[PDB]
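K.L.:
Below you'll find my_file-v1.cif; it's mmCIF, C-alpha atoms and all ligand atoms.
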data_input
loop_
_atom_site.group_PDB
_atom_site.id
_atom_site.type_symbol
_atom_site.label_atom_id
_atom_site.label_comp_id
_atom_site.auth_asym_id
_atom_site.auth_seq_id
_atom_site.Cartn_x
_atom_site.Cartn_y
_atom_site.Cartn_z
ATOM 1 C CA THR A 842 6.414 -3.641 -27.579
ATOM 2 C CA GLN A 843 4.779 -7.063 -26.809
ATOM 3 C CA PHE A 844 5.302 -9.939 -24.301
ATOM 4 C CA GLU A 845 4.726 -13.462 -25.740
ATOM 5 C CA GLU A 846 3.366 -15.854 -23.015
ATOM 6 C CA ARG A 847 5.442 -18.766 -24.388
ATOM 7 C CA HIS A 848 8.676 -16.833 -23.590
ATOM 8 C CA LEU A 849 7.796 -16.016 -19.915
ATOM 9 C CA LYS A 850 9.796 -18.487 -17.762
ATOM 10 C CA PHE A 851 8.479 -18.975 -14.168
ATOM 11 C CA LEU A 852 11.164 -18.416 -11.550
ATOM 12 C CA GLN A 853 9.503 -17.935 -8.111
ATOM 13 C CA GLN A 854 6.202 -17.037 -6.527
ATOM 14 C CA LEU A 855 6.334 -13.605 -4.793
ATOM 15 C CA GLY A 856 2.854 -13.262 -3.263
ATOM 16 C CA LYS A 857 -0.941 -13.987 -3.275
ATOM 17 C CA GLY A 858 -4.180 -12.144 -2.348
ATOM 18 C CA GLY A 861 -4.480 -12.609 -7.709
ATOM 19 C CA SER A 862 -0.846 -13.791 -7.646
ATOM 20 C CA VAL A 863 2.522 -12.112 -8.278
ATOM 21 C CA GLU A 864 5.428 -14.192 -9.675
ATOM 22 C CA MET A 865 9.034 -13.493 -10.610
ATOM 23 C CA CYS A 866 9.586 -14.462 -14.292
ATOM 24 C CA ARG A 867 12.317 -14.184 -16.899
ATOM 25 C CA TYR A 868 11.105 -12.764 -20.275
ATOM 26 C CA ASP A 869 13.411 -14.915 -22.357
ATOM 27 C CA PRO A 870 12.570 -14.998 -26.192
ATOM 28 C CA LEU A 871 16.241 -15.913 -27.097
ATOM 29 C CA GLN A 872 15.857 -19.023 -24.748
ATOM 30 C CA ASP A 873 19.541 -18.570 -23.448
ATOM 31 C CA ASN A 874 18.370 -17.428 -19.910
ATOM 32 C CA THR A 875 19.820 -13.917 -20.645
ATOM 33 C CA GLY A 876 16.263 -12.360 -20.627
ATOM 34 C CA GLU A 877 14.966 -9.590 -18.387
ATOM 35 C CA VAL A 878 13.667 -10.550 -14.927
ATOM 36 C CA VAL A 879 10.093 -9.070 -14.488
ATOM 37 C CA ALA A 880 7.249 -9.206 -11.914
ATOM 38 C CA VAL A 881 4.054 -10.800 -13.363
ATOM 39 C CA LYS A 882 0.590 -10.300 -11.879
ATOM 40 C CA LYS A 883 -2.216 -12.696 -12.958
ATOM 41 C CA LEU A 884 -5.678 -13.699 -11.685
ATOM 42 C CA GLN A 885 -6.058 -17.048 -9.909
ATOM 43 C CA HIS A 886 -9.932 -17.056 -9.988
ATOM 44 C CA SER A 887 -10.622 -15.233 -13.263
ATOM 45 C CA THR A 888 -14.368 -14.398 -12.791
ATOM 46 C CA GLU A 889 -15.987 -11.826 -15.215
ATOM 47 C CA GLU A 890 -16.169 -9.189 -12.373
ATOM 48 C CA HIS A 891 -12.507 -9.938 -11.319
ATOM 49 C CA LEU A 892 -11.370 -9.597 -15.023
ATOM 50 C CA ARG A 893 -13.158 -6.162 -15.208
ATOM 51 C CA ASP A 894 -11.437 -4.951 -11.970
ATOM 52 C CA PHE A 895 -7.999 -6.358 -13.068
ATOM 53 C CA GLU A 896 -8.239 -4.547 -16.385
ATOM 54 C CA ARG A 897 -9.078 -1.260 -14.537
ATOM 55 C CA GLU A 898 -6.040 -1.877 -12.216
ATOM 56 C CA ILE A 899 -3.853 -2.290 -15.393
ATOM 57 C CA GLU A 900 -5.279 1.050 -16.760
ATOM 58 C CA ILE A 901 -4.516 2.707 -13.344
ATOM 59 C CA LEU A 902 -0.854 1.490 -13.220
ATOM 60 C CA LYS A 903 -0.204 2.395 -16.938
ATOM 61 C CA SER A 904 -1.457 6.023 -16.340
ATOM 62 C CA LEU A 905 1.016 6.463 -13.406
ATOM 63 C CA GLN A 906 4.623 7.642 -13.910
ATOM 64 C CA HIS A 907 6.408 8.637 -10.704
ATOM 65 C CA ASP A 908 9.695 7.578 -9.057
ATOM 66 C CA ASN A 909 7.801 6.134 -6.060
ATOM 67 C CA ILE A 910 5.224 4.070 -8.125
ATOM 68 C CA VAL A 911 6.161 0.573 -9.463
ATOM 69 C CA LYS A 912 6.717 0.809 -13.299
ATOM 70 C CA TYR A 913 4.199 -0.713 -15.689
ATOM 71 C CA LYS A 914 6.007 -2.657 -18.493
ATOM 72 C CA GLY A 915 3.218 -4.258 -20.464
ATOM 73 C CA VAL A 916 0.403 -6.765 -20.809
ATOM 74 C CA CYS A 917 0.705 -10.322 -22.027
ATOM 75 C CA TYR A 918 -2.361 -11.433 -23.875
ATOM 76 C CA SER A 919 -1.023 -14.561 -25.410
ATOM 77 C CA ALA A 920 -3.648 -16.798 -23.138
ATOM 78 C CA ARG A 922 -8.232 -11.315 -23.442
ATOM 79 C CA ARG A 923 -9.931 -13.397 -20.625
ATOM 80 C CA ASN A 924 -6.408 -14.198 -19.117
ATOM 81 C CA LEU A 925 -4.330 -11.040 -18.874
ATOM 82 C CA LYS A 926 -0.919 -11.004 -17.274
ATOM 83 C CA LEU A 927 0.310 -7.619 -16.015
ATOM 84 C CA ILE A 928 4.071 -7.160 -16.609
ATOM 85 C CA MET A 929 5.936 -4.881 -14.165
ATOM 86 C CA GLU A 930 9.509 -4.113 -13.222
ATOM 87 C CA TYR A 931 10.882 -6.571 -10.666
ATOM 88 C CA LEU A 932 11.916 -4.739 -7.396
ATOM 89 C CA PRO A 933 14.616 -7.023 -5.892
ATOM 90 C CA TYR A 934 14.495 -6.136 -2.145
ATOM 91 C CA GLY A 935 10.793 -7.191 -1.758
ATOM 92 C CA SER A 936 8.102 -5.617 0.419
ATOM 93 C CA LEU A 937 9.099 -2.969 2.957
ATOM 94 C CA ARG A 938 7.324 -4.983 5.697
ATOM 95 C CA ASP A 939 9.868 -7.850 5.181
ATOM 96 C CA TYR A 940 12.836 -5.583 4.401
ATOM 97 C CA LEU A 941 12.420 -3.500 7.661
ATOM 98 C CA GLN A 942 11.666 -6.633 9.830
ATOM 99 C CA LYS A 943 14.950 -8.224 8.459
ATOM 100 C CA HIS A 944 17.232 -5.109 8.729
ATOM 101 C CA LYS A 945 15.444 -3.628 11.913
ATOM 102 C CA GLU A 946 17.115 -0.696 13.939
ATOM 103 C CA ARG A 947 20.161 -1.031 11.503
ATOM 104 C CA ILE A 948 17.870 1.329 9.445
ATOM 105 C CA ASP A 949 17.930 4.510 11.547
ATOM 106 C CA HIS A 950 15.203 7.251 11.965
ATOM 107 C CA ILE A 951 16.769 9.323 9.085
ATOM 108 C CA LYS A 952 16.394 6.280 6.715
ATOM 109 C CA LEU A 953 12.743 5.638 7.895
ATOM 110 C CA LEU A 954 11.963 9.319 7.160
ATOM 111 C CA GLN A 955 13.531 9.100 3.606
ATOM 112 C CA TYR A 956 11.053 6.129 2.982
ATOM 113 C CA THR A 957 8.144 8.105 4.663
ATOM 114 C CA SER A 958 8.879 11.121 2.289
ATOM 115 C CA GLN A 959 8.916 8.796 -0.852
ATOM 116 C CA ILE A 960 5.579 7.124 0.260
ATOM 117 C CA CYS A 961 4.079 10.706 0.759
ATOM 118 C CA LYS A 962 5.259 11.851 -2.679
ATOM 119 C CA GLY A 963 3.896 8.700 -4.364
ATOM 120 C CA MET A 964 0.554 9.191 -2.559
ATOM 121 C CA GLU A 965 0.383 12.952 -3.402
ATOM 122 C CA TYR A 966 0.921 12.103 -7.124
ATOM 123 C CA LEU A 967 -1.787 9.334 -6.921
ATOM 124 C CA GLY A 968 -4.264 11.921 -5.476
ATOM 125 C CA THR A 969 -3.640 14.326 -8.441
ATOM 126 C CA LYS A 970 -5.109 11.554 -10.766
ATOM 127 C CA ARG A 971 -8.133 11.240 -8.342
ATOM 128 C CA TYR A 972 -7.194 7.620 -7.372
ATOM 129 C CA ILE A 973 -7.831 6.203 -3.861
ATOM 130 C CA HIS A 974 -5.306 3.482 -2.877
ATOM 131 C CA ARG A 975 -7.551 1.990 -0.004
ATOM 132 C CA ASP A 976 -4.786 -0.552 0.950
ATOM 133 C CA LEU A 977 -1.826 1.643 2.023
ATOM 134 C CA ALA A 978 0.340 -0.664 4.251
ATOM 135 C CA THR A 979 4.092 -1.537 4.487
ATOM 136 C CA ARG A 980 3.268 -4.992 2.873
ATOM 137 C CA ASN A 981 2.184 -3.034 -0.332
ATOM 138 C CA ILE A 982 5.313 -0.844 -0.401
ATOM 139 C CA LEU A 983 8.272 -2.327 -2.341
ATOM 140 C CA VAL A 984 12.001 -1.755 -1.998
ATOM 141 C CA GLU A 985 13.963 -1.001 -5.167
ATOM 142 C CA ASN A 986 17.279 -0.459 -3.282
ATOM 143 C CA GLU A 987 18.349 0.970 0.198
ATOM 144 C CA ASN A 988 17.496 4.542 -1.052
ATOM 145 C CA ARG A 989 14.180 3.993 -2.954
ATOM 146 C CA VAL A 990 10.737 2.605 -2.058
ATOM 147 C CA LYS A 991 7.717 2.510 -4.374
ATOM 148 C CA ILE A 992 3.977 1.966 -3.862
ATOM 149 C CA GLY A 993 2.863 -1.261 -5.498
ATOM 150 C CA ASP A 994 -0.322 -3.305 -5.506
ATOM 151 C CA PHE A 995 -3.231 -1.236 -6.907
ATOM 152 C CA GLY A 996 -5.623 -4.224 -6.437
ATOM 153 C CA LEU A 997 -8.041 -2.251 -4.187
ATOM 154 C CA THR A 998 -7.496 1.189 -5.890
ATOM 155 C CA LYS A 999 -10.672 3.106 -6.901
ATOM 156 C CA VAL A 1000 -11.110 6.110 -9.212
ATOM 157 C CA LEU A 1001 -13.171 8.878 -7.621
ATOM 158 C CA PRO A 1002 -16.485 9.723 -9.438
ATOM 159 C CA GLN A 1003 -16.267 13.074 -11.408
ATOM 160 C CA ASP A 1004 -18.586 14.940 -8.919
ATOM 161 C CA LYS A 1005 -17.638 13.302 -5.552
ATOM 162 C CA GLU A 1006 -14.613 13.536 -3.184
ATOM 163 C CA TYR A 1007 -15.313 9.958 -1.874
ATOM 164 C CA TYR A 1008 -15.955 6.478 -3.317
ATOM 165 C CA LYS A 1009 -18.579 4.248 -1.570
ATOM 166 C CA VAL A 1010 -17.912 0.446 -1.597
ATOM 167 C CA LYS A 1011 -21.419 -1.270 -1.712
ATOM 168 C CA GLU A 1012 -20.225 -4.871 -1.173
ATOM 169 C CA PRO A 1013 -16.785 -5.042 0.592
ATOM 170 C CA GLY A 1014 -14.546 -8.088 0.206
ATOM 171 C CA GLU A 1015 -11.449 -8.785 2.364
ATOM 172 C CA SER A 1016 -10.736 -5.413 4.043
ATOM 173 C CA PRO A 1017 -7.583 -4.258 6.020
ATOM 174 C CA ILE A 1018 -9.867 -2.943 8.886
ATOM 175 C CA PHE A 1019 -6.902 -2.158 11.285
ATOM 176 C CA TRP A 1020 -5.683 0.462 8.638
ATOM 177 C CA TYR A 1021 -9.217 1.874 8.002
ATOM 178 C CA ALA A 1022 -10.493 5.364 8.800
ATOM 179 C CA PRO A 1023 -13.714 5.423 11.017
ATOM 180 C CA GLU A 1024 -15.931 6.579 8.050
ATOM 181 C CA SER A 1025 -14.526 3.661 5.955
ATOM 182 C CA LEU A 1026 -15.571 1.258 8.793
ATOM 183 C CA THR A 1027 -18.997 2.785 9.402
ATOM 184 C CA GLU A 1028 -20.061 3.930 5.894
ATOM 185 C CA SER A 1029 -17.537 2.163 3.546
ATOM 186 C CA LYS A 1030 -16.448 5.731 2.306
ATOM 187 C CA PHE A 1031 -12.969 6.038 0.803
ATOM 188 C CA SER A 1032 -11.245 9.278 -0.026
ATOM 189 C CA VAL A 1033 -7.791 11.004 -0.100
ATOM 190 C CA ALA A 1034 -8.516 11.749 3.651
ATOM 191 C CA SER A 1035 -9.015 7.926 4.425
ATOM 192 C CA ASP A 1036 -5.671 7.195 2.552
ATOM 193 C CA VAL A 1037 -4.027 9.908 4.910
ATOM 194 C CA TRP A 1038 -5.443 8.009 8.029
ATOM 195 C CA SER A 1039 -3.908 4.694 6.529
ATOM 196 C CA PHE A 1040 -0.622 6.632 5.945
ATOM 197 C CA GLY A 1041 -0.567 7.434 9.766
ATOM 198 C CA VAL A 1042 -0.820 3.626 10.325
ATOM 199 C CA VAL A 1043 2.175 3.080 7.801
ATOM 200 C CA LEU A 1044 4.206 5.633 9.834
ATOM 201 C CA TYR A 1045 3.308 3.650 13.030
ATOM 202 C CA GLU A 1046 4.388 0.327 11.291
ATOM 203 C CA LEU A 1047 7.732 1.952 10.267
ATOM 204 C CA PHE A 1048 8.568 3.258 13.778
ATOM 205 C CA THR A 1049 7.629 -0.100 15.512
ATOM 206 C CA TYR A 1050 10.171 -1.780 13.086
ATOM 207 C CA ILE A 1051 7.349 -4.364 12.221
ATOM 208 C CA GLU A 1052 7.466 -5.906 15.782
ATOM 209 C CA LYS A 1053 4.611 -8.581 15.631
ATOM 210 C CA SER A 1054 3.425 -7.910 19.249
ATOM 211 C CA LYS A 1055 3.248 -4.117 18.420
ATOM 212 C CA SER A 1056 1.406 -4.573 15.062
ATOM 213 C CA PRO A 1057 -1.890 -2.554 14.433
ATOM 214 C CA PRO A 1058 -4.001 -5.891 14.585
ATOM 215 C CA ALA A 1059 -2.145 -6.957 17.836
ATOM 216 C CA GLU A 1060 -2.547 -3.493 19.526
ATOM 217 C CA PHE A 1061 -6.181 -2.954 18.426
ATOM 218 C CA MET A 1062 -7.158 -6.532 19.503
ATOM 219 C CA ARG A 1063 -5.670 -5.874 22.958
ATOM 220 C CA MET A 1064 -7.648 -2.543 23.257
ATOM 221 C CA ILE A 1065 -11.015 -4.052 22.236
ATOM 222 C CA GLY A 1066 -10.326 -7.397 23.996
ATOM 223 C CA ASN A 1067 -8.909 -10.653 22.428
ATOM 224 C CA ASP A 1068 -12.331 -12.304 23.220
ATOM 225 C CA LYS A 1069 -13.963 -10.223 20.312
ATOM 226 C CA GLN A 1070 -14.628 -12.313 17.152
ATOM 227 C CA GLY A 1071 -15.877 -11.744 13.577
ATOM 228 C CA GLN A 1072 -18.203 -8.728 12.975
ATOM 229 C CA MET A 1073 -17.918 -7.849 16.796
ATOM 230 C CA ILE A 1074 -14.256 -6.766 16.137
ATOM 231 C CA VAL A 1075 -15.565 -4.122 13.594
ATOM 232 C CA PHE A 1076 -18.348 -3.044 16.095
ATOM 233 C CA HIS A 1077 -15.839 -2.612 18.995
ATOM 234 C CA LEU A 1078 -13.121 -1.042 16.777
ATOM 235 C CA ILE A 1079 -15.596 1.711 15.529
ATOM 236 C CA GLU A 1080 -16.669 2.504 19.191
ATOM 237 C CA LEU A 1081 -12.985 2.554 20.282
ATOM 238 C CA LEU A 1082 -11.983 4.994 17.403
ATOM 239 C CA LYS A 1083 -15.063 7.212 18.032
ATOM 240 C CA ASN A 1084 -13.862 7.473 21.702
ATOM 241 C CA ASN A 1085 -10.227 8.444 20.769
ATOM 242 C CA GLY A 1086 -8.665 5.043 21.384
ATOM 243 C CA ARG A 1087 -5.511 5.215 19.240
ATOM 244 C CA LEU A 1088 -2.368 3.116 18.567
ATOM 245 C CA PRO A 1089 0.380 4.050 21.154
ATOM 246 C CA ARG A 1090 3.592 6.001 20.559
ATOM 247 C CA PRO A 1091 6.139 3.307 19.351
ATOM 248 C CA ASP A 1092 9.163 2.798 21.681
ATOM 249 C CA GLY A 1093 11.881 5.340 20.776
ATOM 250 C CA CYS A 1094 9.659 7.265 18.302
ATOM 251 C CA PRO A 1095 10.464 11.070 18.114
ATOM 252 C CA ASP A 1096 7.608 13.314 19.500
ATOM 253 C CA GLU A 1097 7.215 15.185 16.130
ATOM 254 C CA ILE A 1098 6.643 11.888 14.177
ATOM 255 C CA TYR A 1099 4.027 10.706 16.748
ATOM 256 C CA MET A 1100 2.316 14.182 16.348
ATOM 257 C CA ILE A 1101 2.069 13.555 12.536
ATOM 258 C CA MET A 1102 0.511 10.055 13.235
ATOM 259 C CA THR A 1103 -2.106 11.566 15.670
ATOM 260 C CA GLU A 1104 -3.000 14.319 13.094
ATOM 261 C CA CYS A 1105 -3.543 11.634 10.370
ATOM 262 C CA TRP A 1106 -5.754 9.759 12.889
ATOM 263 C CA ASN A 1107 -8.290 12.677 13.266
ATOM 264 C CA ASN A 1108 -11.989 11.639 13.424
ATOM 265 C CA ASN A 1109 -12.842 14.825 11.398
ATOM 266 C CA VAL A 1110 -12.045 13.949 7.716
ATOM 267 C CA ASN A 1111 -11.430 17.688 6.833
ATOM 268 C CA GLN A 1112 -8.975 18.217 9.767
ATOM 269 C CA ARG A 1113 -6.510 15.482 8.489
ATOM 270 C CA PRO A 1114 -3.328 16.837 6.772
ATOM 271 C CA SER A 1115 -2.784 16.786 2.992
ATOM 272 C CA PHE A 1116 -0.009 14.582 1.444
ATOM 273 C CA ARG A 1117 1.543 17.821 0.024
ATOM 274 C CA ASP A 1118 1.955 19.212 3.648
ATOM 275 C CA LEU A 1119 3.140 15.796 5.036
ATOM 276 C CA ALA A 1120 5.944 15.626 2.360
ATOM 277 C CA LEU A 1121 6.981 19.255 3.263
ATOM 278 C CA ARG A 1122 6.874 18.451 7.048
ATOM 279 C CA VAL A 1123 8.753 15.078 6.783
ATOM 280 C CA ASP A 1124 11.467 16.744 4.558
ATOM 281 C CA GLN A 1125 11.841 19.494 7.226
ATOM 282 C CA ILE A 1126 12.290 16.846 10.088
ATOM 283 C CA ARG A 1127 14.977 15.004 7.910
ATOM 284 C CA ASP A 1128 16.735 18.373 7.244
ATOM 285 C CA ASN A 1129 16.723 19.192 11.027
ATOM 286 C CA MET A 1130 18.246 15.673 11.773
HETATM 287 N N1 LIG B 1 7.030 -5.231 -8.861
HETATM 288 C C1 LIG B 1 7.346 -6.130 -7.929
HETATM 289 N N2 LIG B 1 8.580 -6.555 -7.626
HETATM 290 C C2 LIG B 1 8.383 -7.367 -6.538
HETATM 291 N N3 LIG B 1 9.454 -7.999 -5.936
HETATM 292 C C3 LIG B 1 9.531 -8.850 -4.797
HETATM 293 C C4 LIG B 1 8.427 -9.133 -3.981
HETATM 294 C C5 LIG B 1 8.563 -10.020 -2.909
HETATM 295 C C6 LIG B 1 9.792 -10.624 -2.649
HETATM 296 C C7 LIG B 1 10.883 -10.340 -3.445
HETATM 297 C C8 LIG B 1 10.763 -9.453 -4.518
HETATM 298 N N4 LIG B 1 7.118 -7.479 -6.168
HETATM 299 N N5 LIG B 1 6.442 -6.672 -7.075
HETATM 300 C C9 LIG B 1 5.043 -6.581 -6.935
HETATM 301 C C10 LIG B 1 4.402 -7.226 -5.875
HETATM 302 C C11 LIG B 1 3.064 -6.877 -5.669
HETATM 303 N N6 LIG B 1 2.538 -7.255 -4.446
HETATM 304 C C12 LIG B 1 3.005 -8.092 -3.405
HETATM 305 C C13 LIG B 1 3.871 -9.176 -3.571
HETATM 306 C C14 LIG B 1 4.576 -9.684 -2.481
HETATM 307 C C15 LIG B 1 4.424 -9.119 -1.226
HETATM 308 C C16 LIG B 1 3.551 -8.056 -1.051
HETATM 309 C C17 LIG B 1 2.827 -7.550 -2.133
HETATM 310 N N7 LIG B 1 2.389 -6.057 -6.505
HETATM 311 C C18 LIG B 1 3.116 -5.548 -7.515
HETATM 312 N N8 LIG B 1 4.418 -5.743 -7.783
#
Render the structure in this file as structure tokens.
P.N.:
Amino acid sequence: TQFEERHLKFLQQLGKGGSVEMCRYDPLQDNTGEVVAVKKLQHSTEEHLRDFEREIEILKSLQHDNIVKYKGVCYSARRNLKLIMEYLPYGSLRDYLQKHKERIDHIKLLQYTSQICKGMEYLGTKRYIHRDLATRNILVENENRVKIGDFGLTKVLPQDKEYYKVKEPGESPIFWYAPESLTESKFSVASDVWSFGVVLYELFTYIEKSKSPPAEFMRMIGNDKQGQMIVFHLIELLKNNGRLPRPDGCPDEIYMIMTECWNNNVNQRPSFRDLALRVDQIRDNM
């Protein structure tokens, strides 16, 4: 079925990077229409249109309980596509956790960790590399279900390679990046596992600003480091086993999982299939 542009009523802006807005698809014009999440380009360049269309193809091919649901495409404006998605009412996990802090216990954090793992394992079966796994890109459906959203940086692996090489990087979440992604701009399932270790760290710090991966890494390299010098010092730190600390009150077994995801050897990092099995075992034990 189709979405006519004239019937999409703007409600609220949700986020920018592209922009995501909350809209009501209301063709009956009685405000009884479905509330949807709408992604559109803000600077619709020919390269950005090409990437956005690929992102739409990626989302549409994915059907999993922990992946935001594709609803459609609104053409009504080909050079000005609007991606229609289900609206997830509790927002990003980063905001949700920061708002409802230790009132979410370890058992609840591990239910979210398991869902993120499962979503990521399914994404890997389609040979897609997220590249931007972070709590800000994880959305909350309700208190019992989280879903990976934002496939803006997602890449499809070439047919004959287990990595994707980014020739000209744009804005990059460097404090979530694997060493090989920082040094050689190489992205793989293994670099998404390293970023997953960082998500686990974010969860267990309860999004405390002073404990954030940029705040901790800046302190370790020195707050005096600026621009490209941050990337130089971060690479040297990671190569020398400088890691994010164990969050206050974090169980030993969860910190062990983080440290295994943060292995310098790409092949030694765990698989998302084993992480989901391990996390479900911890939850069972609790
Ligand atoms: N499907 C869907 N529902 C929502 N709901 C929402 C978001 C923020 C506040 C309240 C509700 N977003 N969303 C969405 C958002 C999005 N990226 C994004 C937006 C805000 C922040 C961080 C990242 N990418 C794809 N879908």
K.L.:
Please extract the residues at most 8 Å from ligand LIG 1 (chain B), counting all atoms listed in the file, and provide them as a PyMOL selection string, using the chain letters and residue numbers of this document.
P.N.:
chain A and resi 855-857+862-865+879-882+911-912+929-936+980-984+993-995
K.L.:
Restricting the calculation to only C-alpha atoms, which member of A:923, A:886, A:1055, A:938 is positioned closest to residue 1091 in chain A?
P.N.:
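Checking each of A:923, A:886, A:1055, A:938 against residue 1091 in chain A, counting only C-alpha atoms, the winner is A:1055.
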K.L.:
Taking the file above as input, evaluate the PyMOL selection byres (((chain A and resi 869) around 12) and not hetatm) and report the hits as a PyMOL selection string.
P.N.:
chain A and resi 844-852+866-868+870-879
K.L.:
Counting all atoms listed in the file, which of A:883, A:926, A:975, A:962 gets nearest to residue 1017 in chain A?
P.N.:
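Using all atoms listed in the file, residue 1017 in chain A sits closest to A:975.
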K.L.:
Apply the PyMOL selection byres (((chain A and resi 1002) around 12) and not hetatm) to the file shown and report the selected residues as a PyMOL selection string.
P.N.:
chain A and resi 970-973+999-1001+1003-1009+1031-1032
K.L.:
So that I can check the surroundings of residue 1026 in chain A, please list as a ChimeraX atom specification every protein, DNA and RNA residue that reaches within 12 Å of it, counting all atoms listed in the file and ignoring chain neighbours fewer than 3 positions away.
P.N.:
/A:975,1009-1010,1013,1016-1023,1029-1031,1035,1072,1074-1083,1108
K.L.:
Write to file, as an mmCIF file, in the coordinates of the input, the residues of the selection just made, with C-alpha atoms.
P.N.:
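That gives us selection.cif:
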data_model
loop_
_atom_site.group_PDB
_atom_site.id
_atom_site.type_symbol
_atom_site.label_atom_id
_atom_site.label_comp_id
_atom_site.auth_asym_id
_atom_site.auth_seq_id
_atom_site.Cartn_x
_atom_site.Cartn_y
_atom_site.Cartn_z
ATOM 1 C CA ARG A 975 -7.551 1.990 -0.004
ATOM 2 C CA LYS A 1009 -18.579 4.248 -1.570
ATOM 3 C CA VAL A 1010 -17.912 0.446 -1.597
ATOM 4 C CA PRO A 1013 -16.785 -5.042 0.592
ATOM 5 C CA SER A 1016 -10.736 -5.413 4.043
ATOM 6 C CA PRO A 1017 -7.583 -4.258 6.020
ATOM 7 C CA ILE A 1018 -9.867 -2.943 8.886
ATOM 8 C CA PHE A 1019 -6.902 -2.158 11.285
ATOM 9 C CA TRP A 1020 -5.683 0.462 8.638
ATOM 10 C CA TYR A 1021 -9.217 1.874 8.002
ATOM 11 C CA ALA A 1022 -10.493 5.364 8.800
ATOM 12 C CA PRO A 1023 -13.714 5.423 11.017
ATOM 13 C CA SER A 1029 -17.537 2.163 3.546
ATOM 14 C CA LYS A 1030 -16.448 5.731 2.306
ATOM 15 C CA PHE A 1031 -12.969 6.038 0.803
ATOM 16 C CA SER A 1035 -9.015 7.926 4.425
ATOM 17 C CA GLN A 1072 -18.203 -8.728 12.975
ATOM 18 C CA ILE A 1074 -14.256 -6.766 16.137
ATOM 19 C CA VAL A 1075 -15.565 -4.122 13.594
ATOM 20 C CA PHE A 1076 -18.348 -3.044 16.095
ATOM 21 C CA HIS A 1077 -15.839 -2.612 18.995
ATOM 22 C CA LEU A 1078 -13.121 -1.042 16.777
ATOM 23 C CA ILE A 1079 -15.596 1.711 15.529
ATOM 24 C CA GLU A 1080 -16.669 2.504 19.191
ATOM 25 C CA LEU A 1081 -12.985 2.554 20.282
ATOM 26 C CA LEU A 1082 -11.983 4.994 17.403
ATOM 27 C CA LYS A 1083 -15.063 7.212 18.032
ATOM 28 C CA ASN A 1108 -11.989 11.639 13.424
#
K.L.:
Excluding range 1111-1114 of chain A and its own-chain neighbours fewer than 5 positions away, which residues fall within 8 Å of it when counting all atoms listed in the file? Please give them as a PyMOL selection string.
P.N.:
chain A and resi 1034+1037-1038+1104-1106+1119
K.L.:
Would you mind exporting C-alpha atoms of the selected residues as a compact mmCIF listing (two decimals), in the frame of the given file?
P.N.:
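Resulting contents of again_34.txt:
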# COMPACT_ATOMS: atom_id res chain seq x y z
CA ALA A 1034 -8.52 11.75 3.65
CA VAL A 1037 -4.03 9.91 4.91
CA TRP A 1038 -5.44 8.01 8.03
CA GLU A 1104 -3.00 14.32 13.09
CA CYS A 1105 -3.54 11.63 10.37
CA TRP A 1106 -5.75 9.76 12.89
CA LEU A 1119 3.14 15.80 5.04
K.L.:
Using all atoms listed in the file, find the one residue out of A:908, A:976, A:1063, A:1044 that sits nearest to residue 1025 in chain A.
P.N.:
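Of A:908, A:976, A:1063, A:1044, the one nearest residue 1025 in chain A is A:976, counting all atoms listed in the file.
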K.L.:
Between CA of residue 990 in chain A and CA of residue 1061 in chain A, measure the distance and give it in Å to one decimal.
P.N.:
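CA of residue 990 in chain A sits 27.1 Å away from CA of residue 1061 in chain A.
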K.L.:
Kindly give the distance, in Å, that separates CA of residue 951 in chain A and CA of residue 1094 in chain A, rounded to a single decimal.
P.N.:
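Going from CA of residue 951 in chain A over to CA of residue 1094 in chain A, I get 11.8 Å.
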K.L.:
Could you state the separation of CA of residue 1102 in chain A and CA of residue 987 in chain A in Å, given to one decimal place?
P.N.:
23.9 Å
K.L.:
Using all atoms listed in the file, which of the listed residues (A:978, A:1051, A:1073, A:961) sits closest to residue 1115 in chain A?
P.N.:
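So, comparing all the options, the nearest one is A:961.
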K.L.:
Rank A:899, A:1059, A:927, A:953 by their smallest atom-to-atom distance to residue 1098 in chain A, using all atoms listed in the file, and report the top residue only.
P.N.:
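For residue 1098 in chain A, the nearest of the candidates is A:953.
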K.L.:
Between A:1064, A:941, A:925, A:967, which is the closest to residue 1089 in chain A once you count only C-alpha atoms?
P.N.:
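Closest to residue 1089 in chain A of all the choices is A:1064.
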K.L.:
I'd like the residues picked by the PyMOL selection byres (((chain A and resi 955) around 9) and not hetatm) written out as a list in words, using the chain letters and numbers from the file.
P.N.:
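So the PyMOL selection byres (((chain A and resi 955) around 9) and not hetatm) ends up selecting residues 950, 951, 952, 953, 954, 956, 957, 958, 959, 960, 988, 989, 1123, 1124 and 1127 of chain A.
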K.L.:
At a cut-off of 12 Å, using all atoms listed in the file, what residues contact residue 894 in chain A? Leave out same-chain residues fewer than 3 positions from it and give the result as a PyMOL selection string.
P.N.:
chain A and resi 861+884+887-891+897-901+925+995-1000
K.L.:
Store the residues picked out above, limited to C-alpha atoms, as a CSV table (one decimal), in the coordinates of the input.
P.N.:
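Heads up, here's the output in result-v5.csv:
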chain,number,residue,atom,x,y,z
A,861,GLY,CA,-4.5,-12.6,-7.7
A,884,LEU,CA,-5.7,-13.7,-11.7
A,887,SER,CA,-10.6,-15.2,-13.3
A,888,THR,CA,-14.4,-14.4,-12.8
A,889,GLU,CA,-16.0,-11.8,-15.2
A,890,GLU,CA,-16.2,-9.2,-12.4
A,891,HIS,CA,-12.5,-9.9,-11.3
A,897,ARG,CA,-9.1,-1.3,-14.5
A,898,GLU,CA,-6.0,-1.9,-12.2
A,899,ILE,CA,-3.9,-2.3,-15.4
A,900,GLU,CA,-5.3,1.0,-16.8
A,901,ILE,CA,-4.5,2.7,-13.3
A,925,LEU,CA,-4.3,-11.0,-18.9
A,995,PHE,CA,-3.2,-1.2,-6.9
A,996,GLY,CA,-5.6,-4.2,-6.4
A,997,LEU,CA,-8.0,-2.3,-4.2
A,998,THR,CA,-7.5,1.2,-5.9
A,999,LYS,CA,-10.7,3.1,-6.9
A,1000,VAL,CA,-11.1,6.1,-9.2
